[PDB]
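Reviewing the structure listed below.
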Amino acid sequence: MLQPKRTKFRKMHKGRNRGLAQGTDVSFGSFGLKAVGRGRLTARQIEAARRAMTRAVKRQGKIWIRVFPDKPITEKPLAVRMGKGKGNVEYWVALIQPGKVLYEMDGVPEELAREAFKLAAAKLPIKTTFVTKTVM
Amino acid sequence: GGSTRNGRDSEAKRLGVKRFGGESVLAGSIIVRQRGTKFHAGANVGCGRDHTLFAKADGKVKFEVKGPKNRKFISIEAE
Amino acid sequence: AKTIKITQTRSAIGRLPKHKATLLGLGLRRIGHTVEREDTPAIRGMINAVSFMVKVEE
Amino acid sequence: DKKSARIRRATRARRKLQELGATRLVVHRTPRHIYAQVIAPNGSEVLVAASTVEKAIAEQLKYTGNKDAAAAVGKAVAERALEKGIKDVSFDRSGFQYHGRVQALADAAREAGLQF
Amino acid sequence: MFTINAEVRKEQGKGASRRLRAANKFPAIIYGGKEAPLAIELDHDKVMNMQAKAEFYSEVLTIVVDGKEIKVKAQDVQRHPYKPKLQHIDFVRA
RNA sequence: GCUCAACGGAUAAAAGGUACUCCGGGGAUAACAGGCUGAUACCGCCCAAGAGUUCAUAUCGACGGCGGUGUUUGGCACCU
RNA sequence: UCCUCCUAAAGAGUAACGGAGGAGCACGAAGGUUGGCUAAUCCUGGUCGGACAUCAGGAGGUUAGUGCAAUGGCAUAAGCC
RNA sequence: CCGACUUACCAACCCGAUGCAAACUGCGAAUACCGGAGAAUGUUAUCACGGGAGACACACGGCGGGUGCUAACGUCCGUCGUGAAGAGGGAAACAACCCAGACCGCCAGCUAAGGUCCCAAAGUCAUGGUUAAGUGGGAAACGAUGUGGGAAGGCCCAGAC
RNA sequence: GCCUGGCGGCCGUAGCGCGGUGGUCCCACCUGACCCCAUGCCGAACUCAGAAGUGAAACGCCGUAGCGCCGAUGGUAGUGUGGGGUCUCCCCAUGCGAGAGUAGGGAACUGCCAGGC
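Right, here's the structure in full:
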């Protein structure tokens, strides 16, 4: 899921992935799944980690998804040559920089949150870490 | 389908650079396309048609921000 | 006035054209060439522009 | 606001006279009085002024802020302008119409010698 | 009590701050709105253990520079984005 | 007085076939094969919701993830 | 063939069977000048006005508008009479 | 019934918090570019006119990008370097990478990159550590009481594991 | 010295909100309109002639930070040159160095002329 309902433009440039992430703090919840390493987080991987989390916590507590797949990724079909325009939009990713809190959790004990975050981290491609809400 | 068309211009920015000793009528800012990025107020009023800002006296270009709207003006001051 | 000694130490082969022109403005030709240049912030700026090649005796 | 609308009407001609470097004879009109000010083209210093609130003008008039008062003020400001020795000024409506007291003041300045 | 021993900063900048973080110390600043701000460096492991103590932000702290006791309070903390460690703290004079 | 719109406009005026073909060239450029790459293919591993009567891992393993090989269909056009 | 934006790296320029859209006109007023004026939208009372026709009041400030794409403009309005 | 809840599901506005954008900007560099002044340096390097060209198949590497799969010794641009059209030393062998630009001769010395056990010229060099796999001398997710270093944390001579 | 009006300079440390304050000095509302003139009706507005009334609205001044606005120091991001790990991104030397935040500032300042006390 998690494809945007509308877009201003259908396709984007490929671009490059940024230096460091905005949104490093745990804001809404009490525990978080912070990102250690770059990559692009596909909407399918985001949904799979969300299901692993939600079933691990048995649909108790509240889960925030702090990233959104707003970048369309185009892929050329099989056995077509180079050129002839840009390819068709196939799937949506979120660009992840180190330090991006990907998910947030509240209303659960910390060890159950760690187990749910571990089961989500097993589905995500990038390396993640467990973070806790800190006052500054 | 197909979407590969584009237009052409070959200058779009200023030529006078606030030390530039522009004489007579030199285009200080040609193909600004519009009187709003730069206004001409030092040597009378430039901005003839297509809003090309041009000098009216022999002198140095002057860039300045005046007015309540913080608008940028090109002036010509004598050497 | 006071003068300083500027000695080239590396080659000018794969360098930028601005770096080559800075060595031309300094007066350095060979990889061991030393010049006596009068001490000036402009000469110091040329040295800082190409400082990975030159060596300065103060 | 009537004063803000008057300033919006005046602003176009005021900037046009500023860009030409013209010495401006500006007029201000109230229900009670009328004012005339010849102002140098830098716009900061006033060369000549003649007002209806000035007692020397106001004692000769049956009512301040009349068309006769406007003619007296225009004659006075043109007399002081020609006494100062400046000429070839440009008239500013200051947002008013060219009608009634404003027209009478400009006509009196033209008759007394201030040429536009 | 929360006493931090701190040293004044001989050099400021990104290179000097990264040299501090390579030498396992980190920069900090003290300002009060009444006199000139003071740039200091802190021992990172000690100030980390005081971070892990949860009463670090509520109460009044004591920074010792040159034997002078300064009563401060932690305004904000700049943390490393994906590591536990911390880069910079600003202290308001209390 | 120009959809001289193939818009610096060959001429007022012009479509096709060639496996019956022919010449001058090209590995500047395709088919086979080699090369680079590995999307695809094939093989393997990580997590484990499940089903397997109870029991995740005897056996299979969803949602997802990471590789390996050169190995299919491809991409490129480097050799001829 | 021509125009607008991005690609395009804060001067100009800059390619692809790159990503998006338009033009082959219109107007004797929709030009000139002088004088005047200021929108979109929202909340309310009243004739089919109903959620939106027209009044009156308040909020708002250019979120409107430009003969037609897009960009840059525009209140001294280049927007409306 | 001129309605005493506004729903245990949601499509709008506003407020508070959190991100994203090549075709977003209430902000905003470094560089680059344009102009002026000044010194030093450069065989006027600069400009104009005239005689003669060639060339208009580029390649790779670094940086910035579009496209492709953040594939290609892929393709298309900007920019610099090298090759083209540049030998010599290094990377085993190697157009384009690193160092360096060969007028000629020398059985002279000093260095760059890269190296110093033998092939093969030069440290079986000095001090302090680390690793035990031949890692060095190819490869990820993930897994493990491998083994050093550091800052802390529990239980504990009222007897800790 | 105070207050008011006109024309500027500078353009949110300049404005908005809330509260208070001023009157036939000045300015606003205000009186009347056949006449100088105008409303696609409108003496709303634009004008003209001005016995009375109030400053209520507007406007000016003062206080208040509630919102706008300005805004350090330090750090971070980026980046020119040189060098280095690099598979797609960074690190070191050096030079420049934001934006957002933080402390804080902030209820503008000033020039010419005219009028009253």
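Residue numbers (the entry's author numbering), protein chains in the order written: chain M, 1 to 136; chain W, 6 to 84; chain Z, 1 to 58; chain O, 2 to 117; chain V, 1 to 94.
Quick reminder that beta carbons are idealized off the backbone N, C-alpha and C, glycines included.
Check: 3-residue-minimum beta strand (DSSP E) runs that sit fully inside the segment 11-90 of chain O, ordered along the chain; Outcome: 25-30, 35-40, 47-52
Check: The ligand COA heavy atom lying under 6 Å from the CB of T40(Z); Outcome: The model on display carries no ligand, and the ligand COA is accordingly not part of it.
Check: Amino acids of chain M, ordered along the chain, whose beta-carbon sits closer than 8 Å to that of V60(V); Outcome: None at all; the shortest Cβ gap to chain M is about 16 Å.
Check: Spatial distance of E69(W) from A11(O) (CA atoms); Outcome: 24 Å
Check: Beta carbon of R25(O) nearer than 7 Å to that of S95(O); Outcome: no
Check: Assumed close pair residue 100(V), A74(V) - CB separation to whole angstroms, cut-off 8 Å; Outcome: No information on residue 100(V) is available, as it lies outside the stretch 1 to 94 that chain V covers here.
Check: Run of the beta strand (DSSP E) containing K25(V), from where it starts to where it stops; Outcome: 25-31
Check: Contacting residues, own chain, Cβ-Cβ under 6 Å from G32(V) (five flanking each side not counted); Outcome: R93
Check: Residues that DSSP places opposite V80(M) in a beta bridge; Outcome: DSSP lists no partner for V80(M).
Check: Span of the beta strand (DSSP E) around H88(V); Outcome: 86-93
Check: Neighbour flag for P81(V) against chain M, beta carbons, 7 Å; Outcome: yes
Check: Cβ neighbours of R33(O) in the same chain (closer than 7 Å, five flanking residues each side left out); Outcome: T65, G66
Check: Proximity test, Cβ basis, 7 Å: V92(V) and chain M; Outcome: no
Check: Chain O contacts made by the segment 33-62 of chain W, where a contact means CB separation under 8 Å; Outcome: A46, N49, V50
Check: DSSP state of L20(M) mapped onto helix, strand, coil; Outcome: coil
Check: Option nearest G15(M) by Cα separation, candidates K76(M), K71(M), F117(M), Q45(M); Outcome: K71(M)
Check: Per DSSP, cross-strand counterpart(s) of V101(M); Outcome: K34(M)
Check: Any 3 or more C-beta pairs closer than 8 Å across the segment 13-32 of chain Z and the segment 54-68 of chain W; Outcome: no
Check: Alpha helix (DSSP H) segment containing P41(Z), residue limits; Outcome: 41-49
Check: Top-ranked residue by Cα proximity to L124(M), from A113(M), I96(M), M136(M); Outcome: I96(M)
Check: Proximity below 7 Å, CB of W64(M) to CB of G29(M); Outcome: yes
Check: Nonlocal neighbours in the same chain, by C-beta distance under 7 Å from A16(V), ignoring five residues either side; Outcome: none
Check: Chain M within 7 Å of residue 106(V), Cβ atoms only; Outcome: The structure shown does not extend to residue 106(V), since chain V spans only 1 to 94, so no value can be given for it.
Check: Close beta carbons around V80(M), own chain, < 7 Å, minus the five adjacent residues each side; Outcome: none
Check: Counterpart residues of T128(M) in DSSP-defined beta bridges; Outcome: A35(M)
Check: Interface residues of the segment 61-72 of chain V facing chain M [CB-CB below 9 Å]; Outcome: none
Check: Member of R18(V), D66(V), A39(V) whose CA lies at the smallest distance from the CA of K10(V); Outcome: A39(V)
Check: Beta carbon of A35(M) nearer than 7 Å to that of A120(M); Outcome: no
Check: Outcome for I13(Z) when other beta-carbon atoms lying within 10 angstroms are tallied against a minimum of 16; Outcome: exposed
Check: Three-state class that DSSP yields for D70(M) in the structure shown; Outcome: coil
Check: Validate contact between the segment 70-82 of chain W and the segment 19-35 of chain W using beta carbons, cut 8 Å, 3 pairs; Outcome: yes
Check: When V89(M), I46(M), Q60(M) are compared against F9(M), the one with the closest alpha-carbon; Outcome: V89(M)
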